[PDB]
Amino acid sequence: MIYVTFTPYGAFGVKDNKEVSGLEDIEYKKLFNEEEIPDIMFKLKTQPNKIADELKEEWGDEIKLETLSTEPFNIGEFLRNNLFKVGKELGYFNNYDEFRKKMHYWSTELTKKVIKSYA
Ligand code: NA
Numbered sequence: 001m002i003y004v005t006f007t008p009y010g011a012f013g014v015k016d017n018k019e020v021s022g023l024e025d026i027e028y029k030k031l032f033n034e035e036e037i038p039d040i041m042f043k044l045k046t047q048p049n050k051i052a053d054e055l056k057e058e059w060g061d062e063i064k065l066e067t068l069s070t071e072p073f074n075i076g077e078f079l080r081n082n083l084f085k086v087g088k089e090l091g092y093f094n095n096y097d098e099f100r101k102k103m104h105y106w107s108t109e110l111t112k113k114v115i116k117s118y119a
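Per the entry's author numbering, residue 1 is the first one in the sequence shown, and the count goes up by one each step.
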């Protein structure tokens with residue numbers, strides 16, 4: 001059973017909700033290229049079960065998404081508290097100003113898609 005959290009820049013999984021200190025403790029990593037980030041934020045938001053079946057195929061195990069759980073996962077707490085630092089380590093953000101500007105753009109693009117979804 002793989003427990004998965006998504007950030008804007010990736011999907012990250014660990015078997016059996018194990019504790020996570022660092023990226024070395026993360027067993028499954030799918031990184032997203034920046035041009036698809038908002039599209040994938042919107043698909044997570046509107047068809048999470050489809051996202052889950054896709055990961056089940058790609059990673060080879062049943063999948064629990066954190067967005068479909070009432071209790072946060074160890075992996076989710078780690079990524080939320082280290083969202084900038086892990087994204088810098090992965091090459092998405094060179095500094096905090098960039099992180100801020102990128103997160104803003106992605107969120108704005110996601111909103112645009114959500115507004116459109118409402119006719
Ligand atoms: Na560890």
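All C-beta atoms in this analysis are idealised placements derived from N, C-alpha and C, irrespective of residue type, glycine included.
Cβ-Cβ separation, residue j to residue i (assumed contact under 8 Å), whole Å
{"i": "residue 3", "j": "residue 73", "result": "5 Å"}
{"i": "residue 43", "j": "residue 37", "result": "Not really, about 11 Å apart at Cβ, beyond 8 Å."}
{"i": "residue 99", "j": "residue 84", "result": "5 Å"}
{"i": "residue 31", "j": "residue 68", "result": "Actually they do not touch by this definition, with Cβ atoms about 22 Å apart."}
Proximity below 8 Å, CB of residue i to CB of residue j
{"i": "residue 25", "j": "residue 15", "result": "no"}
{"i": "residue 76", "j": "residue 62", "result": "no"}
{"i": "residue 59", "j": "residue 96", "result": "no"}
{"i": "residue 1", "j": "residue 64", "result": "yes"}
Alpha-carbon to alpha-carbon, residue j and residue i
{"i": "residue 118", "j": "residue 40", "result": "18 Å"}
{"i": "residue 12", "j": "residue 5", "result": "6 Å"}
{"i": "residue 107", "j": "residue 101", "result": "10 Å"}
{"i": "residue 55", "j": "residue 33", "result": "17 Å"}
{"i": "residue 23", "j": "residue 94", "result": "18 Å"}
{"i": "residue 105", "j": "residue 20", "result": "28 Å"}
{"i": "residue 110", "j": "residue 82", "result": "22 Å"}
Residue range of the unbroken alpha helix (DSSP H) whose run includes residue i
{"i": "residue 87", "result": "83 to 89"}
{"i": "residue 44", "result": "37 to 46"}
Coil, strand or helix - residue i by DSSP
{"i": "residue 13", "result": "strand"}
{"i": "residue 7", "result": "strand"}
{"i": "residue 118", "result": "coil"}
Residue range of the beta strand (DSSP E) that includes residue i
{"i": "residue 28", "result": "28 to 31"}
{"i": "residue 64", "result": "63 to 65"}
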